[PDB]
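To start, the structure itself, in structure tokens.
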Amino acid sequence: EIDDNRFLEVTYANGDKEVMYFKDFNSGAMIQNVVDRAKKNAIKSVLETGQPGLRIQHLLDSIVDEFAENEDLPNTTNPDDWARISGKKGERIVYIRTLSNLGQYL
Amino acid sequence: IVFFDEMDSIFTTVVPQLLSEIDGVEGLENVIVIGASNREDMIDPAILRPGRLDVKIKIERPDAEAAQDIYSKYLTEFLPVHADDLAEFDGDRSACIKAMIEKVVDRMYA
Amino acid sequence: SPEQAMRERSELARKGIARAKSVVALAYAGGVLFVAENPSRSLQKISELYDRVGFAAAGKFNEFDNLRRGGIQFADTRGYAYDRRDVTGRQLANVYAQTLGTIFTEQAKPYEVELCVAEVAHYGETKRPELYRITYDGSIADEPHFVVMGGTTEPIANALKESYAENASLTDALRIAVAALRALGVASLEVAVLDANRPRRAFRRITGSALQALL
Amino acid sequence: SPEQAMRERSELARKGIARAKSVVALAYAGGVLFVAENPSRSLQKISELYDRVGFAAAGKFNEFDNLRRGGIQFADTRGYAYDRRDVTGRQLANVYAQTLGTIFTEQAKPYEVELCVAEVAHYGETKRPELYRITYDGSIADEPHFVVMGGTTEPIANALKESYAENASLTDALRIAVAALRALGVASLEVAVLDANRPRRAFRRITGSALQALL
Amino acid sequence: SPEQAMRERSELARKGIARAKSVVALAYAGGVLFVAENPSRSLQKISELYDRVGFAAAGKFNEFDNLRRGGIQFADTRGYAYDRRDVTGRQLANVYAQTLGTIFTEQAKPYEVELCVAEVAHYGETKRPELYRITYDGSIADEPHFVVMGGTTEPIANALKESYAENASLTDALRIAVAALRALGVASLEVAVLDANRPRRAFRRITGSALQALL
Amino acid sequence: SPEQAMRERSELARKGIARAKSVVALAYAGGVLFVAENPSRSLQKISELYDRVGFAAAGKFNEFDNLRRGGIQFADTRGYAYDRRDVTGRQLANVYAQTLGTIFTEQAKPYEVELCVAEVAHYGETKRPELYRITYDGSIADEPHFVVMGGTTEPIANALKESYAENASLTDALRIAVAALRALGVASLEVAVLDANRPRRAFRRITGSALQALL
């Protein structure tokens, strides 16, 4: 629940803002992508240093690097799948938010 | 090599079919899928997801130096040259061609 | 649809408050301290409202200066109609809440503003500083220690959460507030206090060389 | 279709009342008791309306406080125009019955408020406490024993249904009301009474250490 | 959609400011210098506002002359209501900003105008000239050295950036301003100064043969 | 697109001015000469505005007569409020420009009119005649020699370009103006002058047998 694994910010009809982390979107394909990215990082490390091994830090960094590239888990406007999570919540989901010369702002 | 060009024109649609075919051809590592698109912003990030099309490479315009290179590739040394222009370089055809390429590139890049 | 558009203003307004500068207000030994990130020398975001009531804001200026003026108007009309010691920070905060709610559900565009009304005790009196935050919804919240308005409020709010100390002197509270605000010289800071020790008018700006010495 | 628009207004008002804290009002030996779940120290949901008429509300603060103010205005104008003993809880309830109907049919968004008007007898007089509930529909329900407003009303209403006892003392009615409300300390409760024994102004808040002793 | 209306209003006003002649205002030893490219002999884009406050504009003539008139009105009403030395360039600039924030969001068509309010010190007094620029949105910018309005501002601004020199005489600042403006004779230039040396009314036009000698 | 709709508005006004007759005004030795092609004997397109200020128009009669009346109103209210010699052709032209711009942007249909305001010097005074042309949008142009309004303006404007001569007498300027207008007898011409030699009221119609002798 730390704010290092923030994924999405959802504002409901009630106006309650909730941070949905990766825990609510851990699909198996996402785990596969995490493992593949970690293995690619291992390739880079072994070709940079030469030591034939895989570090835990590789997977730990791949965890946060997984969502640096979009996985299609968030959607524009209100997703139908979100209307399903909204039904479980009991509050309609209204705002999905990832985590000039127009007047004067102070 | 299976190459696709002008893929910014396209992308519930044909995208899932393309992804399924790419996953099917993934077993054939010898076949290399190469896509081209001048508008990376319009390309649907679904194809940009990790996995299939991981490697993205940017390309650039011909730089002055690249223009001199490309001009040399067509304006080779075997093309006929004027005698008066040879008088400025004592009959050195390669040097004359290089100077002419430099001159035309400089004028066009001015 | 009331849900799409009464709420539609809520994103609009939230976005406007984020493209602004950050202001903090915190309690210290001598009263309350306002520290805002402000480059201009003419336009301000901290103001006296009444004898012991101060005011800070963040967001579209034509809007929070409109509120600044309205609040001044209100407070003086009350103080004259009844008496000076009858106008309280609580009334002012409540009026701002009603007014920001009425703009939220009637005007075309919601006021992209965030307000903080501050009050200290009278001279020779004893009482804790009161901070209220009024949002664009019309919502009002009672803060015990500090208010952070405008921009990205999370890092500043957390830095203040670690550094805050009740009964910190003026210099310590200034260091804490500038430090947490960084998460800037006298040419980019607007600093004022609600000095509880003044006899009547408690608001007092700290600018120039005096500000230079304090920080 | 006004048939469908009215339906979305009624649902919107119902959701707003549910999205709020809970208030109870019940009759006891000395008059009527209001017990509300209220965290703020400045914002109040229980109020004196006239000498013997009290008022509790649940919903949107700015709106039921708008009604609070309107009712105060009404009652005082009547009392001065005729006399104090002519203003009755019944008139007040009726005025809020018609104002909430007019708002519900004519204004953009219906008020999301639920009202309870309470009345006790005059000093040295004998008469049963009267409770009225006015909904956003403008319907007025005459309650003999207790009113529950805002949030989830079923569990509180049932707990009161089992625990209620006529002529319970002030402490027993407070225990029953807090217990049924739980279905909270002095820092999260707003408690007041319509004490039938007072000579003129019956409304009386119970806060701080006295409240601490009572509960 | 608030966003589309804002981006549509913004690109039309801007397609009007760049669709007009260019004006420059810069500080020099004796005060501030306005140099505008103006062919007509009757229609003017530089004007006195108050004793020490001048005004230049670029855009749609009827509208910035409407603002010219409103500002004159304002300044004189203040000067008479309080005193002459109380009206400052800062107040005027602020009023124009509020007015261009209200026109842009409330009227049908935004004003396609760019304003520059200038102020110098009083007679026998010492203080740096102040230049403010008010955009059609309602934003105000504090300028230390020079303002360029209307038409292709960037090429003219680039030249002034190289040629500007503080405390340049009237002739040098005129040469610099006309030169950077070219990036025109007395029959196509409108030139005026805010001469800080005048006792009261600082604004003074430079036309005809005197202008001929200066350039 | 409002901008494309504005192109339609401009076309509609231009169509109306073309669907009409032609008027010319030119400077000559004794002042300014108005020569219009006008069949009616009651409806006129040339008028006195003030002592030395005349007026000609082309388009829709009811509207340019509305402007005629408004201008008369304005000029007399000024002359009485200040003095006669204070009303100038320049003020009048400017008022017509503001008014036609406001009409062109705010009213349903734009005024399909084209105006020419003329001014000469006072008696025993020396100064060149001034001609201004105000178009339907609010644009105003300063003319040194002659104005042509309504219908097809190109051939008349060119014929005048070849035939014009400064300081031409009244008869020569009349011949030039009628000739270029043909590119008509006393029963189809409206002719008037702004005779600079008159003591006060300079406008003077030339009709009937006197007109017969002049042409």
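Residues in the structure tokens are numbered from 1 in each chain, the chains being A, B, ... in the order shown, and ligands are numbered from 1 in the order shown.
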
_Interface, chain E side, toward chain F (8 Å; only C-alpha atoms) as number ranges by chain_ = E: 40, 42, 62

*List every residue of range 55-145 of chain F that DSSP, applied to the backbone, labels as strand (DSSP E), and write the result as JSON, numbers by chain.*
{"F": [55, 56, 57, 58, 59, 113, 114, 115, 116, 117, 118, 119, 130, 131, 132, 133, 134, 140, 141, 142, 143]}

For those residues, write N, CA, C and O atoms to a file as a short mmCIF file (atom, residue, chain, number, x, y, z; two decimals), in the first residue's frame.
```cif
data_model
loop_
_atom_site.label_atom_id
_atom_site.label_comp_id
_atom_site.auth_asym_id
_atom_site.auth_seq_id
_atom_site.Cartn_x
_atom_site.Cartn_y
_atom_site.Cartn_z
N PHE F 55 -22.19 65.12 -45.17
CA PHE F 55 -22.40 63.68 -45.04
C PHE F 55 -23.05 63.13 -46.30
O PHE F 55 -24.06 63.67 -46.78
N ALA F 56 -22.46 62.07 -46.86
CA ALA F 56 -23.08 61.35 -47.97
C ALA F 56 -23.05 59.86 -47.68
O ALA F 56 -22.19 59.38 -46.95
N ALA F 57 -24.00 59.14 -48.26
CA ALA F 57 -24.14 57.73 -47.95
C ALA F 57 -24.71 56.99 -49.14
O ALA F 57 -25.33 57.57 -50.04
N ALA F 58 -24.49 55.68 -49.12
CA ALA F 58 -24.94 54.78 -50.16
C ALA F 58 -25.26 53.42 -49.54
O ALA F 58 -24.45 52.83 -48.84
N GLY F 59 -26.46 52.96 -49.82
CA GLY F 59 -26.87 51.63 -49.43
C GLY F 59 -28.37 51.57 -49.34
O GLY F 59 -29.08 51.98 -50.26
N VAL F 113 -24.52 49.75 -45.64
CA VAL F 113 -24.30 51.17 -45.87
C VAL F 113 -22.81 51.46 -46.05
O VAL F 113 -21.94 50.75 -45.56
N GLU F 114 -22.54 52.57 -46.72
CA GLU F 114 -21.20 53.11 -46.88
C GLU F 114 -21.31 54.61 -46.70
O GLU F 114 -22.15 55.26 -47.34
N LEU F 115 -20.49 55.15 -45.80
CA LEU F 115 -20.59 56.53 -45.38
C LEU F 115 -19.36 57.32 -45.79
O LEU F 115 -18.25 56.79 -45.92
N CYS F 116 -19.58 58.61 -46.01
CA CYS F 116 -18.51 59.56 -46.27
C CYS F 116 -18.81 60.80 -45.45
O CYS F 116 -19.86 61.43 -45.64
N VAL F 117 -17.91 61.15 -44.54
CA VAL F 117 -18.04 62.37 -43.75
C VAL F 117 -17.04 63.37 -44.29
O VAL F 117 -15.86 63.03 -44.48
N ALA F 118 -17.49 64.59 -44.56
CA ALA F 118 -16.62 65.61 -45.13
C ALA F 118 -16.55 66.83 -44.22
O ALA F 118 -17.51 67.17 -43.53
N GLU F 119 -15.39 67.48 -44.22
CA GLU F 119 -15.19 68.68 -43.42
C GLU F 119 -14.34 69.68 -44.19
O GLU F 119 -13.41 69.29 -44.91
N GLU F 130 -11.08 67.63 -45.66
CA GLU F 130 -10.87 66.27 -45.16
C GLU F 130 -12.06 65.40 -45.53
O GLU F 130 -13.21 65.77 -45.27
N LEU F 131 -11.78 64.24 -46.12
CA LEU F 131 -12.78 63.25 -46.47
C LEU F 131 -12.47 61.96 -45.73
O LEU F 131 -11.33 61.50 -45.74
N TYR F 132 -13.47 61.41 -45.06
CA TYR F 132 -13.33 60.11 -44.42
C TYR F 132 -14.38 59.20 -45.02
O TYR F 132 -15.51 59.63 -45.27
N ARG F 133 -14.01 57.94 -45.26
CA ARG F 133 -14.96 56.90 -45.65
C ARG F 133 -15.08 55.85 -44.55
O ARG F 133 -14.07 55.28 -44.13
N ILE F 134 -16.30 55.61 -44.10
CA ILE F 134 -16.59 54.60 -43.08
C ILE F 134 -17.35 53.47 -43.76
O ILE F 134 -18.38 53.71 -44.40
N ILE F 140 -12.43 52.78 -41.16
CA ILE F 140 -12.45 54.19 -41.52
C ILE F 140 -11.16 54.51 -42.27
O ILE F 140 -10.07 54.09 -41.85
N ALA F 141 -11.28 55.23 -43.38
CA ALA F 141 -10.15 55.54 -44.24
C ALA F 141 -10.09 57.03 -44.54
O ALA F 141 -11.12 57.66 -44.80
N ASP F 142 -8.88 57.59 -44.51
CA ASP F 142 -8.66 59.02 -44.73
C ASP F 142 -8.30 59.25 -46.18
O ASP F 142 -7.27 58.77 -46.65
N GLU F 143 -9.13 60.02 -46.89
CA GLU F 143 -9.02 60.21 -48.33
C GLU F 143 -8.53 61.60 -48.62
O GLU F 143 -9.00 62.57 -47.99
#
```

*May I have the residues within 12 Å of residue 74 in chain D as a list in words, using only C-alpha atoms and disregarding those fewer than 3 positions away in the same chain?*
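Answer for this query is residues 49, 50, 67, 68, 69, 70, 71, 77, 78, 79, 80, 81, 87, 88, 89, 91, 92, 93, 94, 95, 96 and 99 of chain D.
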
*Residues of chain A within 10 Å of chain B, using only C-alpha atoms, as a PyMOL selection string?*
chain A and resi 30+32-34+36-37+66+69-72

_One decimal, in Å: what's the spacing between CA of residue 153 in chain E and CA of residue 1 in chain F?_
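Here the two named atoms are 27.7 Å from each other.
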
_Shell of 12 Å around residue 179 in chain E, only C-alpha atoms, local chain residues under 2 positions omitted, as number ranges by chain_ = E: 24, 35, 37, 155-164, 172-177, 181-185, 215

What are the closest atom pairs, with distances in Å to one decimal, for all residues of chain A lying within 12 Å of chain D? Consider only C-alpha atoms, order rows by chain and residue number, and present the result as a Markdown table.
```
| residue | atom | partner | partner_atom | distance |
| --- | --- | --- | --- | --- |
| A:13 | CA | D:15 | CA | 10.1 |
| A:14 | CA | D:19 | CA | 7.6 |
| A:15 | CA | D:19 | CA | 10.6 |
| A:16 | CA | D:19 | CA | 11.1 |
| A:90 | CA | D:15 | CA | 11.1 |
| A:91 | CA | D:15 | CA | 10.1 |
| A:92 | CA | D:15 | CA | 11.9 |
```

_DSSP-assigned helix (DSSP H, G or I) among range 23-135 of chain C, expressed as number ranges by chain_ = C: 61-81, 84-86, 89-106

Could you dump the residues just selected with N, CA and C atoms as a CSV table (one decimal), in the first residue's frame?
```csv
chain,number,residue,atom,x,y,z
C,61,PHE,N,-6.1,34.0,-10.3
C,61,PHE,CA,-6.0,35.2,-9.5
C,61,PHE,C,-7.3,36.0,-9.5
C,62,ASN,N,-7.8,36.3,-10.7
C,62,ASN,CA,-9.0,37.1,-10.9
C,62,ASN,C,-10.1,36.6,-10.0
C,63,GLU,N,-10.0,35.3,-9.6
C,63,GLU,CA,-11.1,34.6,-8.8
C,63,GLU,C,-10.7,34.7,-7.3
C,64,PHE,N,-9.5,34.4,-6.9
C,64,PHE,CA,-9.3,34.5,-5.5
C,64,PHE,C,-9.0,35.9,-5.0
C,65,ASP,N,-8.7,36.8,-5.9
C,65,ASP,CA,-8.7,38.2,-5.5
C,65,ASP,C,-10.1,38.8,-5.4
C,66,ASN,N,-11.0,38.2,-6.3
C,66,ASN,CA,-12.4,38.6,-6.1
C,66,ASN,C,-13.0,38.2,-4.8
C,67,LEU,N,-12.6,37.0,-4.3
C,67,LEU,CA,-13.0,36.5,-3.0
C,67,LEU,C,-12.3,37.3,-1.9
C,68,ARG,N,-11.0,37.6,-2.1
C,68,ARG,CA,-10.3,38.5,-1.1
C,68,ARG,C,-11.1,39.7,-0.9
C,69,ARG,N,-11.5,40.4,-2.0
C,69,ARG,CA,-12.2,41.6,-1.9
C,69,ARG,C,-13.6,41.4,-1.2
C,70,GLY,N,-14.3,40.4,-1.6
C,70,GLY,CA,-15.6,40.1,-1.0
C,70,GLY,C,-15.5,39.9,0.5
C,71,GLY,N,-14.5,39.2,0.9
C,71,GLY,CA,-14.3,38.9,2.3
C,71,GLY,C,-14.0,40.1,3.1
C,72,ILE,N,-13.1,41.0,2.6
C,72,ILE,CA,-12.8,42.3,3.2
C,72,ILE,C,-14.1,43.1,3.4
C,73,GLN,N,-14.9,43.2,2.3
C,73,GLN,CA,-16.2,43.8,2.3
C,73,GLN,C,-17.0,43.3,3.5
C,74,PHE,N,-17.3,42.0,3.5
C,74,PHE,CA,-18.1,41.4,4.5
C,74,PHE,C,-17.6,41.7,5.9
C,75,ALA,N,-16.3,41.4,6.2
C,75,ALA,CA,-15.7,41.6,7.5
C,75,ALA,C,-15.9,43.0,8.0
C,76,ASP,N,-15.7,44.0,7.1
C,76,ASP,CA,-15.8,45.4,7.6
C,76,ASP,C,-17.2,45.8,7.8
C,77,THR,N,-18.1,45.3,7.0
C,77,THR,CA,-19.5,45.6,7.2
C,77,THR,C,-20.0,45.0,8.5
C,78,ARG,N,-19.6,43.8,8.9
C,78,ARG,CA,-20.0,43.3,10.2
C,78,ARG,C,-19.4,44.1,11.3
C,79,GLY,N,-18.0,44.3,11.3
C,79,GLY,CA,-17.4,45.0,12.3
C,79,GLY,C,-18.0,46.3,12.6
C,80,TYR,N,-18.4,47.0,11.6
C,80,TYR,CA,-19.0,48.3,11.8
C,80,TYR,C,-20.5,48.2,12.3
C,81,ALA,N,-21.3,47.3,11.7
C,81,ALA,CA,-22.6,47.0,12.2
C,81,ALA,C,-22.7,46.4,13.6
C,84,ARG,N,-15.9,45.0,16.3
C,84,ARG,CA,-14.7,44.4,15.8
C,84,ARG,C,-14.5,43.0,16.3
C,85,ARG,N,-14.6,42.9,17.6
C,85,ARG,CA,-14.4,41.6,18.3
C,85,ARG,C,-15.5,40.6,18.0
C,86,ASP,N,-16.5,40.9,17.2
C,86,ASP,CA,-17.5,40.0,16.8
C,86,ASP,C,-17.2,39.2,15.6
C,89,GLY,N,-12.8,34.3,12.5
C,89,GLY,CA,-12.4,33.6,11.4
C,89,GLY,C,-13.4,32.6,10.9
C,90,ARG,N,-14.2,32.1,11.9
C,90,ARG,CA,-15.1,31.0,11.6
C,90,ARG,C,-16.3,31.5,10.7
C,91,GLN,N,-16.9,32.7,11.0
C,91,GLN,CA,-17.9,33.3,10.1
C,91,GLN,C,-17.3,33.5,8.7
C,92,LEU,N,-16.1,34.0,8.6
C,92,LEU,CA,-15.5,34.3,7.3
C,92,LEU,C,-15.4,33.0,6.5
C,93,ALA,N,-14.8,32.0,7.1
C,93,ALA,CA,-14.6,30.7,6.5
C,93,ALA,C,-16.0,30.2,6.0
C,94,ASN,N,-17.0,30.3,6.8
C,94,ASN,CA,-18.4,29.8,6.5
C,94,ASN,C,-18.9,30.6,5.3
C,95,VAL,N,-18.7,31.9,5.2
C,95,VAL,CA,-19.2,32.7,4.1
C,95,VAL,C,-18.5,32.3,2.8
C,96,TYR,N,-17.2,32.1,2.9
C,96,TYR,CA,-16.4,31.6,1.7
C,96,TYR,C,-16.9,30.3,1.2
C,97,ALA,N,-17.3,29.4,2.2
C,97,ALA,CA,-17.8,28.1,1.8
C,97,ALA,C,-19.2,28.2,1.1
C,98,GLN,N,-20.1,28.9,1.6
C,98,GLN,CA,-21.4,29.2,0.9
C,98,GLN,C,-21.2,29.8,-0.4
C,99,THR,N,-20.3,30.7,-0.5
C,99,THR,CA,-20.1,31.4,-1.8
C,99,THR,C,-19.4,30.5,-2.9
C,100,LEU,N,-18.4,29.7,-2.4
C,100,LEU,CA,-17.8,28.8,-3.4
C,100,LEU,C,-18.7,27.7,-3.8
C,101,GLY,N,-19.6,27.3,-2.9
C,101,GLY,CA,-20.6,26.3,-3.3
C,101,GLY,C,-21.6,26.8,-4.3
C,102,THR,N,-22.1,28.1,-4.1
C,102,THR,CA,-23.0,28.7,-5.0
C,102,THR,C,-22.4,28.9,-6.4
C,103,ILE,N,-21.1,29.3,-6.4
C,103,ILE,CA,-20.5,29.4,-7.7
C,103,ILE,C,-20.4,28.0,-8.4
C,104,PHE,N,-20.1,27.0,-7.5
C,104,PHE,CA,-19.9,25.6,-8.1
C,104,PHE,C,-21.1,25.1,-8.8
C,105,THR,N,-22.3,25.3,-8.2
C,105,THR,CA,-23.6,24.7,-8.8
C,105,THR,C,-24.3,25.7,-9.7
C,106,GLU,N,-24.0,27.0,-9.7
C,106,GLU,CA,-24.6,27.9,-10.7
C,106,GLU,C,-23.8,28.5,-11.8
```

*Could you give me, as a PyMOL selection string, the residues within 9 Å of residue 145 in chain E, counting only C-alpha atoms and dropping anything in the same chain fewer than 3 positions from it?*
chain E and resi 25-28+129-131+164-166

With N, CA, C and O atoms retained, could you export that selection as a PDB file, in the first residue's frame?
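Output saved as again-v7.pdb:
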```
ATOM      1  N   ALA E  25       7.659  49.891 -26.395  1.00  0.00           N
ATOM      2  CA  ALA E  25       7.827  50.825 -25.293  1.00  0.00           C
ATOM      3  C   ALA E  25       9.085  50.431 -24.543  1.00  0.00           C
ATOM      4  O   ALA E  25       9.264  49.257 -24.221  1.00  0.00           O
ATOM      5  N   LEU E  26       9.974  51.391 -24.296  1.00  0.00           N
ATOM      6  CA  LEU E  26      11.222  51.052 -23.622  1.00  0.00           C
ATOM      7  C   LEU E  26      11.654  52.154 -22.666  1.00  0.00           C
ATOM      8  O   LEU E  26      11.334  53.331 -22.855  1.00  0.00           O
ATOM      9  N   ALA E  27      12.416  51.760 -21.652  1.00  0.00           N
ATOM     10  CA  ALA E  27      12.887  52.714 -20.666  1.00  0.00           C
ATOM     11  C   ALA E  27      14.149  53.398 -21.157  1.00  0.00           C
ATOM     12  O   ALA E  27      15.026  52.767 -21.753  1.00  0.00           O
ATOM     13  N   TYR E  28      14.220  54.702 -20.916  1.00  0.00           N
ATOM     14  CA  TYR E  28      15.398  55.490 -21.222  1.00  0.00           C
ATOM     15  C   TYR E  28      15.583  56.508 -20.110  1.00  0.00           C
ATOM     16  O   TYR E  28      14.783  56.590 -19.167  1.00  0.00           O
ATOM     17  N   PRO E 129      11.392  53.224 -14.106  1.00  0.00           N
ATOM     18  CA  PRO E 129      10.150  53.098 -14.879  1.00  0.00           C
ATOM     19  C   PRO E 129       9.598  51.683 -14.794  1.00  0.00           C
ATOM     20  O   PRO E 129      10.347  50.703 -14.790  1.00  0.00           O
ATOM     21  N   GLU E 130       8.275  51.583 -14.709  1.00  0.00           N
ATOM     22  CA  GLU E 130       7.587  50.299 -14.646  1.00  0.00           C
ATOM     23  C   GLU E 130       6.759  50.101 -15.904  1.00  0.00           C
ATOM     24  O   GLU E 130       5.977  50.982 -16.284  1.00  0.00           O
ATOM     25  N   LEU E 131       6.918  48.937 -16.531  1.00  0.00           N
ATOM     26  CA  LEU E 131       6.138  48.543 -17.696  1.00  0.00           C
ATOM     27  C   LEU E 131       5.366  47.281 -17.359  1.00  0.00           C
ATOM     28  O   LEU E 131       5.932  46.331 -16.817  1.00  0.00           O
ATOM     29  N   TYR E 164      19.419  47.242 -26.667  1.00  0.00           N
ATOM     30  CA  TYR E 164      18.977  47.982 -25.478  1.00  0.00           C
ATOM     31  C   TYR E 164      20.146  48.387 -24.572  1.00  0.00           C
ATOM     32  O   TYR E 164      21.096  47.627 -24.366  1.00  0.00           O
ATOM     33  N   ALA E 165      20.064  49.605 -24.029  1.00  0.00           N
ATOM     34  CA  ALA E 165      21.059  50.134 -23.093  1.00  0.00           C
ATOM     35  C   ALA E 165      20.379  51.028 -22.066  1.00  0.00           C
ATOM     36  O   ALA E 165      19.760  52.032 -22.431  1.00  0.00           O
ATOM     37  N   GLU E 166      20.513  50.695 -20.783  1.00  0.00           N
ATOM     38  CA  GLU E 166      19.825  51.490 -19.775  1.00  0.00           C
ATOM     39  C   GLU E 166      20.435  52.878 -19.729  1.00  0.00           C
ATOM     40  O   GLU E 166      21.645  53.048 -19.920  1.00  0.00           O
TER      41      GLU E 166
END
```

*With a distance cut-off of 10 Å and only C-alpha atoms, select the neighbouring residues of range 190-199 of chain E, excluding the residue or stretch itself and same-chain residues fewer than 2 positions from it, and output the selection as a VMD selection string.*
chain E and resid 23 to 41 43 to 48 51 to 55 118 to 127 129 170 174 185 to 188 201 to 207 211

*One decimal, Å: what's the distance from CA of residue 60 in chain C over to CA of residue 17 in chain C, could you say?*
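Distance reported for this atom pair: 7.6 Å.
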
*Show which residues sit within 6 Å of residue 22 in chain D, as a VMD selection string. Count only C-alpha atoms, and ignore same-chain residues fewer than 2 positions away.*
chain D and resid 37 149 to 151
